[PDB]
Amino acid sequence: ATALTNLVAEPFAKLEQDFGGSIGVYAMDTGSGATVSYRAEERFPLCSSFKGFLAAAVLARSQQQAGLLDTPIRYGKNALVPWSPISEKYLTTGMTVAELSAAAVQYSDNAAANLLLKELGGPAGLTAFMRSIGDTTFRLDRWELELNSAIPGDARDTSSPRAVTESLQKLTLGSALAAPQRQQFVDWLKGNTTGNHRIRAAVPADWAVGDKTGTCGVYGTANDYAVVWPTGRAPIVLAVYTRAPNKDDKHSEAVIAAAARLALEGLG
Ligand SMILES: [Cl-]
């Protein structure tokens, strides 16, 4: 007999009542194949969380373009937008593709992400990479900062928790990328600095976690996805996304962490 998904769902529903919005969750245990799924196929805005997949797409390109990662991109002030703490620091010099990738992943640097999008042929180039690995859900249409608008009903710049988790599994654990590139993505995710109050807050400190966060700043819309390696066990991949119906609904990192905890604990 299969899981009683209504019982697995109940505490997510309770969480979203106090939150005042919708929570989307997908978690997969790569050892047992067990899953937890709650609104897992609903669309939620990506916000900054596209930057993880961006770095993977850049790593894919590097497989066919030797020394791409160590190539400096030297930019003018038009590259710059707010929430770009690393790229602003190197305006007078430039940054390598690898430095930009690390910055986008680990500091959620906006301008760095736009610079790397340009390398891939824009938002459509990243979406095309995601289609190449069998993600039919992911769509990035716009650039920083417009992609954060998170307007209710807009499908642009969204994915689902399930598609996010599936794609993350393929890229970090599966062989979608070559081994050095796969390990480079995992290392960038593991060094994220912005996720300490989200999925990481739900995971014992001694277990390795790599993650990427998103915070649109409107419509209670924020997220995190991660790979989690419990010591001596098969890794877990999971995604937690929120949204809410009013522009001024607050996002909550506490809700994200609680949803992560519920998801991780529900896995068979
Ligand atoms: Cl310029």
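If you go along the chain as it appears here, the first residue is 1 and each next one adds 1.
Cβ from N, Cα, C; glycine included.
What Swiss-Prot records for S48, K51, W83, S108, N110, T213, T215 is beta-lactam binding site. A 10 Å cutoff on Cβ-Cβ distances gives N110 (beta-lactam binding site) a total of 26 other Cβ atoms nearby, all chains included.
Contacts of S48 (beta-lactam binding site) defined by a Cβ separation under 8 A and a same-chain sequence distance of 6+ are given as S108, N110, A113, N148, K212, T213, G214, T215, in order along the sequence. In the three-state DSSP scheme, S48 (beta-lactam binding site) is classed as helix. For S48, the entry in Swiss-Prot reads active site, nucleophile, with the evidence type experimental evidence.
What Swiss-Prot records for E146 is active site, proton acceptor, and it gives similarity to another entry as the kind of evidence. A C-beta separation below 8 Å, combined with a sequence spacing of at least six in one chain, links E146 (active site, proton acceptor) to none of the other residues.
For the binding-site residues listed here (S108, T213, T215), the lowest count of other CB atoms within 10 A around the CB belongs to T215. Within its own chain, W83 (beta-lactam binding site) has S108, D109, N110, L145 as residues 6 or more apart in sequence whose C-beta sits under 8 angstroms from its own.
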